[PDB]
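Participant: The structure that follows is given in the form of C-alpha cells.
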Amino acid sequence: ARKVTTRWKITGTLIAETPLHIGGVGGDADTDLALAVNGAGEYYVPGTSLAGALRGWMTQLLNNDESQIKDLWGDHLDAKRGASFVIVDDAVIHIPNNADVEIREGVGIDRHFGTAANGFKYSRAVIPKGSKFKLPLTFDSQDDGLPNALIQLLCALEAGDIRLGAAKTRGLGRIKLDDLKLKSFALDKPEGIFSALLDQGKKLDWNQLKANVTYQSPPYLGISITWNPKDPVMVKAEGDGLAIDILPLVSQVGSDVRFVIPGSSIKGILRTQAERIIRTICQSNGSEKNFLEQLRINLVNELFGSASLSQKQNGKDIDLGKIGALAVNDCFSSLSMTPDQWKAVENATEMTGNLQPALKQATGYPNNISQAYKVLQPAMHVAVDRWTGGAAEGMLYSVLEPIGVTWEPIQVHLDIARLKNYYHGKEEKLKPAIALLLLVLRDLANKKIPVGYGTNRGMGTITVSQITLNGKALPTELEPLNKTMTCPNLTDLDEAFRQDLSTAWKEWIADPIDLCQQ
Amino acid sequence: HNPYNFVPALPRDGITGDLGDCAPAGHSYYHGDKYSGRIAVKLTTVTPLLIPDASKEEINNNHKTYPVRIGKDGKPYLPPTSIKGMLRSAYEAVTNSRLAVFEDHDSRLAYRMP
Amino acid sequence: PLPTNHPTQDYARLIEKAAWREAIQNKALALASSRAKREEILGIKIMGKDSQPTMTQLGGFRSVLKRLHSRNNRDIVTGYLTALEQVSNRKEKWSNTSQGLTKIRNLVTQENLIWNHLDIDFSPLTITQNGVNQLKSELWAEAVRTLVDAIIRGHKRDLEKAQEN
Amino acid sequence: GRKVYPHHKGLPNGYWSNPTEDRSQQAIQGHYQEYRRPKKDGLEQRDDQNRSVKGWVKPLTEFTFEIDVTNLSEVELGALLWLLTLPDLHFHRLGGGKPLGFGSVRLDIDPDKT
C-alpha cells in the first residue's frame with residue numbers, strides 16, 4: 001500500500017456558531033435553497049464541503065503555496081502526489097433537541113425605489129445555531145510528528161475562524177471546534193498496527209502541540225457595534241399572525257428562541273448606504289439599472305462582494321464575481337424565550353385575550369403587563385379614509401413592536417487578507433475601501449441607517465453608543481484603526497490617520513477607477 | 001360649527017412641476033439639486049392628546065376603557081405613525097396631492113325619502 | 001415485497017421515501033401545469049387580468065401552509081381558514097373562486113384527498129409491505145405543501161401570461 | 001374633499017380641567033363640556049357607543065421628534081417646512097378625539113438640530 005509512518009484520527013465536536021447552509025442540488029418545495037441531506041435524509045456536512053473549507057483556509061494561511069497544500073491534500077497531476085493524506089468524512093448534523101430547520105426569507109431591495117425588487121424574493125433553509133456535527137478527520141503521516149500547517153488548521157477551528165457552506169458573508173457558516181481529540185496509530189510498526197486493529201490508539205495531549213505553536217491568524221479587521229433600538233427594531237416574521245399581524249423574526253439559538261436581525265439584513269442596509277455614498281459622489285443614478293446592475297458599483301464589489309458572472313473580456317474570460325471581504329453576523333437579542341413561550345405568542349388569537357398571558361410569559365413578566373409591554377408592545381394602526389375619517393374598510397392592523405428588547409452587539413468582519421488579494425497585494429489600495437467603511441459607520445452611528453421592518457413607519461432607528469474596531473495583523477498604516485470609538489463622527493480615530501484616509505479617499509474620488517483592476 | 005369640515009381636493013389635470021404627477025426622485029443617491037437631511041421638530045400640545053393603548057383596553061358591559069400608551073420609560077409613547085398620518089394628511093391638503101386612503105366607495109349610497 | 005421483519009426493511013424504506021417524494025413533486029408539476037386542474041384542486045382561477053383570489057390572498061394561505069409540518073398542524077391551517085371566514089371582507093376576497101375556501105378546508109382535513117388529487121400509482125414505488133399506508137401517513141403533509149406550492153406557482157405564471165400583455 | 005377637524009378655538013380656562021366632573025349641562029363661559037359623555041339620571045353613561053380613557057397627555061406638554069428627508073425638491077421641502085413653521089395660533093390636529101377638541105398641537109422647528 002501507501003506507506004504510513006503514523007495514522008492520526010482527529011476528531012471533536014464542531015458547533016454552528018451561526019446558522020449553516022450546505023446546499024444540495026437545490027429546492028424542497030418549502031425553500032428555494034434546500035439543505036444537503038445524506039442518503040438517509042439526515043442533514044449532514046459533505047466531507048467534500050468540509051475538506052475544501054479546510055483546504056481553502058490552509059491555502060490562504062500558506063500564501064497559496066501549491067507545494068505544501070498538495071503535500072497534505074493530494075494532487076491529480078503531480079507524478080508523486082496523487083491521493084490526499086487527509087481523509088474527511090461526511091458528518092451528520094445533530095440539531096439541538098430536535099429543533100426543526102429554520103427557513104430564512106430574503107429579498108433584494110431596489111436601490112432606486114427602496115422596495116423589494118421584482119423576482120428577487122427568496123428563501124433559504126438554514127441549520128439552526130448550537131447544532132453539532134463531528135470533525136471527521138484522518139491524517140496519514142509519512143513524516144514524523146504532525147504538520148505545522150495541520151496544527152495551525154486545528155487552531156483555526158478552535159478559534160472559530162473557518163467558515164462553511166453558503167452565505168458566509170451574509171450571516172452564515174461560522175463553526176467552532178470543541179473537544180478536539182488526537183489518536184495516533186504507528187501503522188509503521190507491529191504494536192501500532194495492532195493498536196489500530198484493537199486498542200483505539202495513543203491519546204495525544206493537544207495542549208502540548210497547542211503550546212508548541214503560535215496561531216497565525218490572518219489579517220482581518222473586526223468591527224463590533226453596540227446599538228440600542230431608539231425606535232423599535234425588528235425584522236418581519238415570514239407570515240402574518242393571528243392576534244398580531246406583524247411579529248418579530250425569531251431564531252433557535254441553542255434550546256431557546258431569540259429575536260434575530262439577520263446579517264443579510266445588516267449587510268444590505270450597510271451596502272445600500274455604501275452604494276448611496278459612492279453614487280452620490282459620482283452623481284451616478286440608479287433608476288435605469290436593473291437590480292443586479294444597481295448592486296454592481298465600485299468599492300462595494302470588493303467589500304460587499306459581487307455575483308459570479310463570467311464574461312469574455314477579449315479572448316480572455318474573467319469572473320466578475322468575488323466573495324465579500326465584508327461579512328456580517330446575525331444579531332440576537334439579550335432576550336430569549338423557550339420555543340413554546342414564543343409559540344404561545346404566535347398562536348395567540350385575541351390581543352386582549354390569550355395574547356396578554358403569552359406576552360407576559362415570553363417577556364419574563366408574568367404578573368406585570370406594564371413591564372411586559374415595556375418590552376414587547378402590541379400596536380394597533382389604522383389607515384384613515386381621507387373624505388370620511390374614521391377608518392378605511394379592512395385597513396386595521398397590529399404590530400408587536402419590540403420597544404424594549406435589548407440586543408447584542410453587531411459584529412462585522414473585514415477580511416483584510418481577502419481585500420489585499422483583490423488589490424493584488426497593494427496595501428495602499430486598501431485606504432479607499434477602509435475610508436468608505438468608516439463613512440458607512442459614521443452614518444450608522446448618526447442614525448442615518450435604520451434597520452429592519454417599517455423604517456419609515458415608526459420603527460428601525462438605532463442608537464449606536466460604541467464602535468470597537470479590533471483588527472489583527474493589520475498592515476502598519478491601518479493599525480490606527482485599532483480603536484474603541486464612541487463619538488459618532490469618528491473623532492476618536494487619530495486625525496492624522498483620518499486625514500491620511502481622507503487623502504487617499506479624495507484621490508480615489510478624483511478618478512474612481514476599478515481599484516482591483518491592474 | 002360642525003366639528004368636521006373639508007378641504008377642497010381640486011382636480012389636478014394639467015398640473016405641472018413638483019405639484020404634478022412625477023417620476024420619484026428615488027433613493028439611489030443624494031441629487032445635486034435636491035435636499036436631504038434631518039429636521040428637528042418640537043411638538044407641544046395645546047389641548048389634551050389621547051394616545052389610547054388598545055393592547056391594554058379593558059372592557060365592562062362591552063364598554064372599552066383605554067389607558068394612555070407609554071414607552072419603556074413610562075412617558076407617553078406618541079407613535080411616529082400617528083405623527084406621520086397627521087403630517088401626511090396635512091401635507092396632502094396643502095400640496096393638493098392624491099388622497100392616499102380612499103376606500104372602495106363604489107356602491108351607491110342610500111338615503112330616505114321625505 | 002419485502003417481509004415486514006426483513007433486515008433491509010429500514011434501508012428499503014429510505015429508497016421508498018425518495019421514490020415517493022420525487023413522484024409527488026413531478027406529479028404536482030404536471031397537475032399545476034393546467035388551469036382546469038388548479039381550479040379543481042383549490043378553486044383558484046384567472047378572470048382575464050384578474051386572479052381569483054389575488055396573489056396576496058394566495059400568499060397568505062401559502063405562508064400558513066408552511067407551518068403544516070404534520071397532521072397535528074392541520075389545526076394551524078384550519079385556524080387561519082376560520083379566521084379568514086369569520087371576517088366578511090376577507091371571505092368576500094375569496095368569492096369568485098370555485099369554492100376555494102372549502103377546497104382548502106378539505107385538502108387540509110381529509111387525509112385521503114391529497115392522494116386523490118395526486119392520483120399517483122405508488123405500487124411501482126413501494127417495496128416494503130405496508131409501505132403505502134405508512135408512507136401516506138408519513139408524506140401527507142409534505143404532499144399537501146408540495147401540490148399547493150406547485151399550483152400557486154403555475155397559477156402565477158399563467159397569470160403573468162394573461163396579466164403581462 | 002379632505003375631511004379636517006378645525007381647531008377648537010376659544011375654549012375657556014378650566015375647560016379640560018377636572019374632567020371627571022359632569023359639567024356638560026352648564027354653559028361655563030359659554031361652552032358645554034363637549035368632550036365628556038353626559039350623565040343620565042346621575043349615573044355614568046359608559047355604554048358601548050362611547051369609549052373611556054384612563055388619562056390623557058396634558059396640554060402644554062412637549063415632544064421632540066426628528067424628520068429625516070431624502071431628495072426633497074424645494075417645493076416638496078417648502079411645503080413640509082411651511083407646515084412646520086405656520087404662524088402663531090395655527091395648530092395641527094393629532095391622535096384621537098379630534099371632533100371633541102383633543103389633539104390640537106403646535107409644531108415648530110428646532111433649527112439648531114436641523
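Values in this text are rule-based calculations from the coordinates and carry no lab data. When we count neighbours, we look across all protein chains shown, and the Cβ atoms used for this are built from the backbone with ideal geometry, even at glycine.
Participant: Pull up the cross-link candidates among the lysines for C:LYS49, meaning alpha carbon to alpha carbon under 22 Å and not fewer than 8 places away within one chain.
Facilitator: Of all the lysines, those that pass the test against C:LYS49 - Cα under 22 Å, at least 8 places apart if same chain - are C:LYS37, C:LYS91, C:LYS93, C:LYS156, C:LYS161.
Participant: Another question, if that's okay. When the helices in chain A are scored as -39500 (n - 2.57) per DSSP H run of 4 or longer and the sum is shared across all residues, what 222 nm value do you end up with, to the nearest 500 deg cm²/dmol?
Facilitator: Computed mean residue ellipticity for chain A: -8000 deg cm²/dmol.
Participant: Among B:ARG12, A:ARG7, B:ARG88, rank each residue by its count of other Cβ atoms within 10 Å, from fewest to most, as a rough exposure measure.
Facilitator: Numbers: B:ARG12 13, A:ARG7 21, B:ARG88 16.
In increasing order of surrounding Cβ atoms, one gets B:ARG12, B:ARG88, A:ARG7.
Participant: Greater than 21 Å separation of Cα atoms is the criterion. Which listed pairs, A:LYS210/A:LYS483; C:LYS45/C:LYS103; A:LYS121/A:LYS236, meet it?
Facilitator: A:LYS210/A:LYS483
Participant: Across peptide B:18-28, what mean number of C-beta atoms from other chains lies inside 10 Å of a residue's C-beta?
Facilitator: Rounded to a whole number, the mean comes out at 6.
Participant: With a/c under 1.5 counting as rounded, go ahead and sort chain A into rounded, prolate or oblate using the C-alpha gyration tensor (a ≥ b ≥ c being the square roots of the eigenvalues; past the cut-off, prolate if a/b is larger than b/c, else oblate). Intermediate values should be presented prior to the final figure.
Facilitator: On the way: a/c = 2.00, a/b = 1.36, b/c = 1.47.
It comes out oblate by the Cα gyration axes.
Participant: Name the residue, out of C:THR109, C:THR82, C:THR97, whose mean-square fluctuation peaks in a Gaussian network model built on chain C with Cα pairs under 10 Å.
Facilitator: Among C:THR109, C:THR82, C:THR97, the largest mean-square fluctuation in the Gaussian network model of chain C belongs to C:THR82.
Participant: Can you sort C:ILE151, A:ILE193 by how many other beta carbons sit within 10 Å, fewest first?
Facilitator: A:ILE193, C:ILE151
Participant: Do you know the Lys pair count in the stretch B:1-81 for C-alpha distances under 17 Å, with sequence separation 8 or more or different chains?
Facilitator: So the count works out to 4.
Participant: When the Cα centres of the stretch C:23-82 and the stretch B:37-99 are compared, how far apart do they sit, in Å?
Facilitator: Rounded to whole Å, the Cα centres lie 39 Å apart.
Participant: Using a 10 Å cut-off on Cβ to Cβ distances, tally the other chain neighbours for every residue of B:94-104 and report the average as a whole number.
Facilitator: Mean partner shielding for this stretch: 5.
Participant: Mind checking which of A:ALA196, A:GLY24, A:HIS76 is farthest towards the positive end of the protein assembly as shown's charge dipole, using Cβ charges of +1 (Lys, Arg) and -1 (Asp, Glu) about the Cα centre?
Facilitator: Ranked along the dipole, the leading option is A:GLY24.
Participant: Also: How far is the Cα center of the stretch D:1-28 from the Cα center of the stretch A:447-466, in Å?
Facilitator: Here the two parts' Cα centres lie 38 Å apart.
Participant: Net charge near A:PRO475: determine it from the other residues with C-beta under 14 Å of the C-beta of A:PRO475, scoring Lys and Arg +1 and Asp and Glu -1.
Facilitator: Residues near A:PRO475 contribute 0 overall.
Participant: Related question: Just to confirm my numbers, what's the Cα centroid distance between the stretch A:363-431 and the stretch A:1-55 in Å?
Facilitator: Here the answer is 33 Å between Cα centres.
Participant: While we're here: Using per-residue counts of other Cβ atoms within 10 Å, averaged over each peptide, order A:73-80, C:24-31 from highest down.
Facilitator: C:24-31, A:73-80
Participant: Take every residue in peptide C:57-69, count the Cβ atoms of other chains within 10 Å of its Cβ, and give the average of those counts.
Facilitator: Partner Cβ neighbours, averaged per residue: 2.
Participant: With each label point set 7 Å from Cα along the Cα-Cβ vector, what nm distance links C:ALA18 and A:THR280?
Facilitator: About 5.5 nm, to one decimal.
Participant: Just add up the charged neighbours of A:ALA358: K/R +1, D/E -1, any other residue whose Cβ is under 13 Å from the Cβ of A:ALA358.
Facilitator: Summing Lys and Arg as +1 and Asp and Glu as -1 gives -1.
Participant: Now a separate question. With a ≥ b ≥ c the root eigenvalues of the C-alpha gyration tensor of chain C, is it rounded (a/c under 1.5), prolate (a/b larger than b/c) or oblate?
Facilitator: Since a/c reaches 1.5 and a/b is larger than b/c, the shape of chain C is classed as prolate.
Participant: Kindly provide the helix-only [θ] at 222 nm of chain B, computed as the sum of -39,500 (n - 2.57) over DSSP H runs of four or more divided by all residues, to the nearest 500 deg cm²/dmol?
Facilitator: Values: 1 runs with 16 residues, N = 114.
Helix-only estimate at 222 nm: -4500 deg cm²/dmol.
Participant: Among B:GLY74, B:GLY26, B:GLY37, which one shows the highest mean-square fluctuation when chain B is modelled as a Gaussian network with alpha-carbon springs under 10 Å?
Facilitator: The residue with the greatest mean-square fluctuation here is B:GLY37.
Participant: Calculate how many DSSP beta bridges within the protein assembly as shown are antiparallel, expressed in % of all such bridges and rounded to the nearest 5.
Facilitator: Close to 95 percent.
Participant: Here's another thing I want to ask about it. Just need the relative contact order of chain C here, percent rounded to a whole number, with Cα pairs under 8 Å and 6+ apart.
Facilitator: 43
Participant: Let me ask you something else. Would you order A:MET351, A:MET459, A:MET395 from fewest to most other beta-carbon atoms within 10 Å of each residue's own beta-carbon?
Facilitator: A:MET395, A:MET351, A:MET459
Participant: Return the calculated 222 nm mean residue ellipticity for chain C, to the nearest 500 deg cm²/dmol, obtained by summing -39500 (n - 2.57) across DSSP H runs with n ≥ 4 and dividing by the residue count.
Facilitator: -22500 deg cm²/dmol
Participant: Let me ask something else about it. Starting from the 7 Å offset along Cα-to-Cβ, what nm value, one decimal, do you get for the label separation of A:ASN97 and B:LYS34?
Facilitator: So the label points at A:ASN97 and B:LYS34 sit 5.0 nm apart.
Participant: Could I ask something else about it? With an 8 Å Cα cut-off and a minimum separation of 6 or more residues, compute the relative contact order for chain A in percent.
Facilitator: Taking the mean separation of contacting Cα pairs over the length of chain A, I get 17 percent.
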